[PDB]
Each structure stands twice: as C-alpha cells, then as structure tokens.
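Given as structure tokens, the chain that follows is alone and in the form solved without the partner chain.
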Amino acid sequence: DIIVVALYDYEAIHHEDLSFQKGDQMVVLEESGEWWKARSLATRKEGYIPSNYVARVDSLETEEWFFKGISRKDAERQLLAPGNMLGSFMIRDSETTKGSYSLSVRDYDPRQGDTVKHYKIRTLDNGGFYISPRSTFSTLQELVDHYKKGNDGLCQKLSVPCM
C-alpha cells in the first residue's frame, strides 16, 4: 500500500477526480502517469488525484520523536530553538543513508553552553537497531525507551521529543 497526505486542497471538477482537504489522507490505488488514483480516508470515495499535491507518509510519523526529511543542521536548529530542554531529542531520515536513521540529542558543555549531539543508529542485517554494539533493539521506540532510562554512552539520558 501507499499512504499519502494532501499538501494542499484540491477542488476537482470531474466525475472521477477526488477532491480533498489539506492534511487529508488517502490510500493510493493505481497510477495514471502523474495522476494517482486514490481512495480518500474520510469520504471513502475514489477518484484521480495530482500526485504533486500529496506526499507519502511512512509513519513512523505517528511518533512525536520522528521528524521526516529533516537535515542534520535544521535538526539542531530545532532542539536549540526555545521551548526545548536538555535531553530533548529526535530521530530522522539519515539523508546520509536513506532508510537509515540518526538520533540528535540536546546536550551541553559549560565551555560553550547548549549543544546538539548526533548518533548514528546502525541497523543489523537482522533488522533491529543499535547505536553502540552493546545495546540492540528490535524497534526504535524500544531504542528511544532505552536511552530514556539512562544515557548509556549518550551525552544525556533522553527526556522528551523535540518541540
């Protein structure tokens, strides 16, 4: 399956072209070139749509700690941004390796103040995850929940997801 979310509103005109509201979700069925035929997750009704008005989900984005398609340095601007604290954290698509993730954590050094630290979460040929080859997890929540009980190598034991 392919789950999309509408980026903008779509006022259709034709019998079999599905309108929608920004944010609306939709199962993508067929694909007629650049028009995706979908089945709206509200209406329940089917019609063709502009692929470029929507965007796949992956979620994962059901998680308050996943920030999708975010650059390394934007990720820093995020946590360092007011509203956050120390330990504040986040996980994201590793632009340096698609399908693979990194964890950015808000740290601190007295010689400079509020810091951000990045950790390369590697995956196993077996499908789980780990940051240090001392703690392997079958899932990311599982991971997140580890380092939120204590740092275990990481700069700070995790607190709450980036704001």
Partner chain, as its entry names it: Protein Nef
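Think of the rigid core as the biggest set of C-alphas that the two forms share within 1.5 Å after superposition. Positions refer to the first chain, counted from 1.
Here the subject shifts to the form solved in complex with the partner chain, a form of this protein not shown in this document.
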Quick check: do 17, 34 and 136 each get a heavy atom within 4.5 Å of the partner chain in the deposited complex?
-> yes
Heavy atom to heavy atom, is residue 53 within 4.5 Å of the partner chain in the deposited complex?
-> yes
Report yes if any heavy atom of residue 127 sits within 4.5 Å of a heavy atom of the partner chain in the deposited complex; otherwise report no.
-> yes
Classify residue 22 as contacting or not contacting the partner chain in the deposited complex by the rule of any non-hydrogen atom within 4.5 angstroms, answering yes or no.
-> yes
Using a superposition on the rigid core, decide whether the Cα position of residue 124 changes by 2 angstroms or more between the shown form and the other one.
-> no
Rigid core superposition, residue 151 Cα moves 2 angstroms or more between the shown form and the other one | no
Just say closer or farther for the C-alpha distance from residue 140 to residue 55 in the deposited complex, relative to the shown form; it changes by 3 Å or more.
-> closer
Evidently the Cα separation of residue 55 and residue 64 changes by 3 Å or more in the deposited complex, so the atoms lie closer
